[PDB]
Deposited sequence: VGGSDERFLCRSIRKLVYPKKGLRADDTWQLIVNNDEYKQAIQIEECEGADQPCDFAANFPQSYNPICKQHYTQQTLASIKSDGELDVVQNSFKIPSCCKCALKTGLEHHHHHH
């Protein structure tokens, strides 16, 4: 219904650049939002992801095992 909103750990800008759309991290190496309850060693950081190279989204990377 009305009043909902999705939040993401990383700020990104979607834009058009035929017309190709890309998603880029709003900043470089920015710490992730909503990430104050992870183990200290996780050091959450926003990382740029690519499709093969086109910036395709911005995601929060955790330094932990899989």
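Comparing the deposited sequence with the modelled residues, the stretches lacking C-alpha coordinates are 18 to 39, 75 to 93, 108 to 114.
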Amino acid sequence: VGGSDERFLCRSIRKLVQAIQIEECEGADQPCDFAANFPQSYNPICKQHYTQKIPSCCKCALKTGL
From here on, numbers count along this sequence of modelled residues.
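Averaged over CA atoms, B-factors in the entry run higher in 18 to 26 than in the other of 54 to 62 and 18 to 26.
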